[PDB]
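**Student:** Got a structure for you, written out below as structure tokens; questions coming shortly.
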Amino acid sequence: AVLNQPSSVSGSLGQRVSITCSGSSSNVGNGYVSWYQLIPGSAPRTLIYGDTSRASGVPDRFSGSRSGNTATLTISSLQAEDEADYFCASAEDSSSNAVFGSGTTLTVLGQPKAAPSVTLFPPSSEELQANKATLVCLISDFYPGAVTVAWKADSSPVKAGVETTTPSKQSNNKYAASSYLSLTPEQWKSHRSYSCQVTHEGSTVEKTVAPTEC
Amino acid sequence: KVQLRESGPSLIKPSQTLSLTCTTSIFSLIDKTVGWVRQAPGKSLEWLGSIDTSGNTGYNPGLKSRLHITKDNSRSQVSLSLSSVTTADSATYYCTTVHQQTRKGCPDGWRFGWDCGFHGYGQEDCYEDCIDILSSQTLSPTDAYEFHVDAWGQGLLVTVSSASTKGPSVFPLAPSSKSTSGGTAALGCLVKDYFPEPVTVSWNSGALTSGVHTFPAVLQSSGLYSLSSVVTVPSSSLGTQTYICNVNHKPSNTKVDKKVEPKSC
């Protein structure tokens, strides 16, 4: 089984949202619902147990309730660091047969936007001497967490050999992403330059590197 | 910070039996129940099973056939096994301390006599009507099952695949004259061509944490992963302060310390 949750909820910064957990009498209706917070890159964190009790270190703005077969996690004074996946849980016919909900991704609206900083690294001398070459475009400190990356060799768009990560949150709650262009040392040295172009909210930042430099 | 620590292979071939163990007695294995929870990429948390001070075991009904959980309070190790794994079993496996126990409860809308405020014989029973209690419908309490995870381990990533382990190659991402940002500069390490996940990165053995971001990995058409770790540092320090990235690839029992030297222009 799996408890039913909305896949996505959106709350505004400083306001309140509720995450719903709908089950049945054999689980949610048994009266001991727990909640869990999962931030990418960290281990899960217990928030609520026994429908309403906060775990050690859980602020007061996190509150849990239940009405029959439906439980609710209400978060007030939303902060950016509340963005995470939230799961409910309940025993079922046994305190050792636990069932979790499908999970809810919380987005906090109204956060301040930020244009990305881009640093393009050329292939290292060490990598070239190992007969490989990787251009590394690092993109950081932007919000919202969505960008598109394009590469050029001299002025020719480059399609093959590009790998780009989906943006993820930094420690300061802004987003970062990375893009890679694999080349041969001969391709690197043959062209006069390479560029990484990052588009974010209708604007584009381009960084260029040349083999004739450091 | 005291933790629960999972151990086991990071890579297992299809069909083999994933064997894990959790080892920590500071969370008294003699006075705390240990459970196992997993999460596969893009899926929700999934219960596996538990075992308490006694050896009482409870299993996820849908998976109990392939699951076996034992312990050794001697070595203070709870150990889980999962037979006939498939790619659907690639996931993070978490060791946890868990609160389980059956308690007597009343149906929703009912309260125990003593909770209603009645003292005397019949106070331990459940009552539909706390006000006119002497004529209230009454029930003997029923079992209410209580569960919640109390402590979470950091988790062990397990990849089910026929491909072979490969340690990383680490290259410097050195800062240069045109690549600075005034007072600060970005430098990092490229962690190239490893399998399976995960890789972790620290800087100067953990002493440097301000400004550090380790990116998620990319999966290349080669089937190998690469990632980068970056740190923003004072531009005036380049040359005097040594910067060393500490790369850990537990799946291959590899650690790399790479000094990132600044470029001479």
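As given, the protein sequences belong to chains W and B, one line each in that order. Here the first sequence is numbered in my numbering, starting from 3 and rising by one per residue. Here the second sequence is numbered in my numbering, starting from 1231 and rising by one per residue. Yeah, the Cβ is synthetic: ideal placement off N, Cα and C, and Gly gets one too.
Tell me which same chain residues have a C-beta within less than 6 Å of the C-beta of W/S173, skipping the five on either side of it?
**Tutor:** Your numbering for residue 173 of chain W matches position 171 in the first sequence. Correct list: empty, nothing qualifies.
**Student:** Note down, in chain order, all residues in the stretch 1349-1372 of chain B with a beta-carbon under 8 Å from any beta-carbon belonging to chain W.
**Tutor:** If the cut-off is 8 Å between Cβ atoms, the stretch 1349-1372 of chain B has nothing near chain W.
**Student:** Would you give the residue range spanned by the alpha helix (DSSP H) that B/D1345 belongs to?
**Tutor:** Within the second sequence, the letter at position 115 stands for residue 1345 of chain B. Taken as a continuous stretch (DSSP letters only), the alpha helix (DSSP H) holding B/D1345 covers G1343 to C1346.
**Student:** Mind listing which residues of the stretch 1411-1432 of chain B have their C-beta closer than 8 Å to chain W's C-betas, in chain order?
**Tutor:** Here the close residues are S1411, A1416, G1418, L1420 and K1422.
**Student:** Does any CB atom of chain B fall closer than 7 Å to the CB of W/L140?
**Tutor:** The count along the first sequence starts at 1 and reaches residue 140 of chain W at position 138. Yes, its Cβ sits closer than 7 Å to a Cβ of chain B.
**Student:** The alpha helix (DSSP H) with W/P159 in it runs from where to where?
**Tutor:** Your numbering for residue 159 of chain W matches position 157 in the first sequence. First-last for W/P159: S158 to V160, but that is the beta strand (DSSP E), not the alpha helix (DSSP H).
**Student:** Assuming B/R1341 and B/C1360 form a contact by the criterion Cβ under 8 Å, report the distance between their Cβ atoms to the nearest whole angstrom.
**Tutor:** The sequence position of residue 1341 of chain B within the second sequence is 111, counting from 1. The sequence position of residue 1360 of chain B within the second sequence is 130, counting from 1. At roughly 6 Å, the Cβ-Cβ gap stays under 8 Å, so B/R1341 and B/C1360 are in contact.
**Student:** Check whether the Cβ atoms of W/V138 and W/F123 lie closer than 7 Å to each other.
**Tutor:** For the purposes of this step, residue 138 of chain W is taken as the residue at position 136 of the first sequence. For the purposes of this step, residue 123 of chain W is taken as the residue at position 121 of the first sequence. Contact flag set, yes.
**Student:** Name the residues in the stretch 171-197 of chain W whose C-beta lies less than 9 Å from a C-beta of chain B; which are they?
**Tutor:** Cβ contacts with chain B come from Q172, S173, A178, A179, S180, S181, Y182 and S184.
**Student:** What does the Cβ neighbour count give for W/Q39, buried or exposed, with the cut at 16 atoms within 10 Å?
**Tutor:** For the purposes of this step, residue 39 of chain W is taken as the residue at position 37 of the first sequence. Per the 10 Å Cβ criterion, buried.
**Student:** Shortest alpha-carbon distance to W/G103 belongs to which of W/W190, W/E94, W/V110 and W/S142?
**Tutor:** If you number the first sequence from 1, residue 103 of chain W lands on position 101. Nearest option by C-alpha distance: W/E94.
**Student:** So, helix, strand or coil for B/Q1450, using DSSP?
**Tutor:** Working through the second sequence from its first residue, we reach residue 1450 of chain B at position 220. Reduced to three states, the DSSP call for B/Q1450 is coil.
**Student:** State yes or no: is the beta carbon of B/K1334 nearer than 7 Å to at least one beta carbon in chain W?
**Tutor:** Residue 1334 of chain B sits at position 104 when you count from the first residue of the second sequence. Output row for B/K1334: interface = no.
**Student:** List the endpoints of the continuous alpha helix (DSSP H) containing B/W1340.
**Tutor:** To locate residue 1340 of chain B, count along the second sequence from 1; it is residue 110. Looking at the DSSP string, B/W1340 is not in any alpha helix (DSSP H), and its letter there is neither H nor E.
**Student:** Between which residues of its own chain and W/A116 is the CB-CB distance below 7 Å, once the five residues before and five after are set aside?
**Tutor:** One-based indexing of the first sequence puts residue 116 of chain W at position 114. The answer, listed in chain order, is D143, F144, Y145 and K176.
**Student:** Would you say W/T214 reaches chain B, if we count a Cβ-Cβ gap shorter than 7 Å as a contact?
**Tutor:** Locating residue 214 of chain W in the first sequence gives position 212, counting from the first residue. By this cut-off, W/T214 is not an interface position.
**Student:** Measuring straight from C-alpha to C-alpha, what distance separates B/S1432 and B/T1439?
**Tutor:** Numbered from its first residue, the second sequence carries residue 1432 of chain B at position 202. Numbered from its first residue, the second sequence carries residue 1439 of chain B at position 209. Approximately 8 Å, taken between the alpha carbons.
**Student:** For B/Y1375 and chain W, any beta-carbon pair shorter than 7 Å?
**Tutor:** Mapped onto the second sequence, residue 1375 of chain B falls at position 145. Yes, contact with chain W.
**Student:** If we define contact as Cβ-Cβ less than 7 Å, is W/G105 a contact residue for chain B?
**Tutor:** Position 103 of the first sequence, counted from the start, is the residue given in the question as residue 105 of chain W. Answer yes: the Cβ-Cβ gap between W/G105 and chain B drops below 7 Å somewhere.
**Student:** Specify the secondary structure class of W/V60 as computed by DSSP and reduced to three states.
**Tutor:** Taking the first sequence and counting its residues from 1, one reaches residue 60 of chain W at position 58. Of the three classes helix, strand and coil, the one that applies to W/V60 here is coil, per DSSP.
**Student:** Is DSSP giving W/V4 helix, strand or coil here?
**Tutor:** If you number the first sequence from 1, residue 4 of chain W lands on position 2. Coil, per DSSP.
**Student:** Could one say the Cβ of B/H1298 lies closer than 7 Å to chain W's Cβ atoms, at least one of them?
**Tutor:** In the second sequence, counting from the first residue as 1, residue 1298 of chain B sits at position 68. Output row for B/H1298: interface = no.
**Student:** Distance check for B/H1378 and W/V200, CA to CA, integer angstroms please.
**Tutor:** As a position in the first sequence, residue 200 of chain W is number 198, starting the count at 1. As a position in the second sequence, residue 1378 of chain B is number 148, starting the count at 1. Straight-line Cα distance between these residues: approximately 44 Å.
**Student:** Distance cutoff 7 Å, beta carbons only. Does B/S1295 sit that close to anything in chain W?
**Tutor:** Residue numbering aside, residue 1295 of chain B sits at position 65 when the second sequence is read from its first letter. No - not a single Cβ of chain W is within 7 Å of the one on B/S1295.
**Student:** When you compare the CB of W/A93 with every CB in chain B, is at least one pair closer than 7 Å?
**Tutor:** Counting from one through the first sequence, the residue named residue 93 of chain W turns up at place 91. Closer than 7 Å to some Cβ of chain B, the Cβ of W/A93 qualifies, so yes.
**Student:** How about W/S98 and B/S1280: do their beta carbons lie closer than 7 Å?
**Tutor:** Counting from one through the first sequence, the residue named residue 98 of chain W turns up at place 96. Counting from one through the second sequence, the residue named residue 1280 of chain B turns up at place 50. Yes, these two residues count as a Cβ contact at 7 Å.
**Student:** Pull up the distance between the alpha-carbon of B/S1258 and that of B/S1409, whole angstroms please.
**Tutor:** Sequence index remark: in the second sequence, residue 1258 of chain B carries index 28 (1-based). Sequence index remark: in the second sequence, residue 1409 of chain B carries index 179 (1-based). Taking the straight line from one Cα to the other gives about 52 Å.
**Student:** Are B/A1374 and W/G33 closer than 7 Å when you measure CB to CB?
**Tutor:** As a position in the second sequence, residue 1374 of chain B is number 144, starting the count at 1. As a position in the first sequence, residue 33 of chain W is number 31, starting the count at 1. Yes, the Cβ-Cβ distance between B/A1374 and W/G33 is below 7 Å.
**Student:** Where B/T1430 and B/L1241 are concerned, what is the direct C-alpha to C-alpha distance, given to the nearest angstrom?
**Tutor:** To locate residue 1430 of chain B, count along the second sequence from 1; it is residue 200. To locate residue 1241 of chain B, count along the second sequence from 1; it is residue 11. Spanning the two alpha carbons is a distance of roughly 16 Å.
**Student:** Taking Cβ positions only, does W/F102 come closer than 7 Å to chain B?
**Tutor:** One-based indexing of the first sequence puts residue 102 of chain W at position 100. Yes, W/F102 lies at the interface with chain B (some Cβ there is under 7 Å from its Cβ).
**Student:** Between which two residues does the beta strand (DSSP E) harbouring B/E1376 extend?
**Tutor:** The residue you call residue 1376 of chain B lines up with position 146 of the second sequence. It spans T1372 to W1382 - the beta strand (DSSP E) in which B/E1376 sits, taken as one unbroken run.
**Student:** Can you pull the DSSP bridge partners for W/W190?
**Tutor:** Within the first sequence, numbered from 1, the residue matching residue 190 of chain W stands at position 188. In DSSP, W/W190 forms no bridge with anything.
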